[PDB]
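One chain comes next, on its own, written out as structure tokens in the form deposited in one PDB entry.
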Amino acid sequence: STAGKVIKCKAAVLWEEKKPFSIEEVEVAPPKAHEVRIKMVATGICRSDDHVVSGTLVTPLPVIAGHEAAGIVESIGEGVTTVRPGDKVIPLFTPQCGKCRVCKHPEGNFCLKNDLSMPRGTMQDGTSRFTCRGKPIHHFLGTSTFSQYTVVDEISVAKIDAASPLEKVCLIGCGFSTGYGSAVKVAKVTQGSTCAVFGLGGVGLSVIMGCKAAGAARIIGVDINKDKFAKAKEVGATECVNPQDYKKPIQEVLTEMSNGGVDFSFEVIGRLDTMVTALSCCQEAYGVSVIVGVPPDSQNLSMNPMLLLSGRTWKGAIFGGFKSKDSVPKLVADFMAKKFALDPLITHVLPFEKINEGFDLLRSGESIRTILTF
């Protein structure tokens, strides 16, 4: 609660890979010049947080993962000008300093002040703000939402409507924005088109939501988990296909289904094989393929360049192509006006303490988005 000095609270520390999270008592230091201390309220568990544990996404340990949340400004640091104490807010794993090359660029959004290309696991000061035992804990994407209190650089935080249901709205901190943005912003799905979405998780279902918004005619969901097909159909999919039901490669199935290939295909899983399969399944001469999922640390993929030479465009995108600060509050507003629904993504809600259970639900396949409340 209240402060101007070190706060002691509970956080979900990950000490080693492939191990459960240890909810421990951490000392969260006060915000410095241009930083804000936020009292967390809810956090969605995304597969990227899971990649940290399984070691697919290399970032320094010990660490406090988490990047999809909504909280409340507990205090403000020297120089802050964009938020104030008591303000509802959303941390931003993709920052927007407003000064670098990309921020200037009217299209690019992968801000040069991010901690994703080369994780230091720090505050921009190059310092940590957490300590457990006596040891300093790293930050994740300068967000670290698996904690009652976290401190973010102003560059990495966005003010949201005071009437927002922080428990719903946290999905806009990643899952929905990344997925919905891939469809509408990065691939620019056209009306009457035909799309194919590989991966029916919380981000994948969001991509389907975006294709429906963008007026697509057919939305083919693809997943090796038949159970996902209901939600997929409920949020827009015109049909779902399970690769395992077939005796021929899914590209062939998809091309034939779409008489020649899909207009837009999306990879929202994170593995080398589906990325290429998704590319190949779209129309050879003008199909667009967008890589949305996060692949394993240092793995290369092999592909035949003639796939491109014909006329195919392959892209990738972080955070749905959205300029972070500008977009999250505008998105939250659209939610408020009821232009899209988040409920369909939310399968579970557990108290933060049951964090490990939420990840088990993820990994087992019974959940889409499980929200942890504080």
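All residue numbers are counted from 1 along the displayed sequence. The term rigid core refers to the most C-alpha atoms you can superpose between the two forms while keeping them within 1.5 Å.
As for the form deposited in another entry, it is not shown, yet the points below apply to it.
Summarising the superposition on the core between this form and the one not shown, the listed residues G236, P165, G77, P243 contain exactly one with a Cα shift of 2 Å or larger, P243. Annotation for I224: C-alpha shift of 2 angstroms or more between this form and the one not shown, rigid core superposed. After superposition on the rigid core, the Cα atom of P296 is displaced by 2 Å or more between this form and the one not shown.
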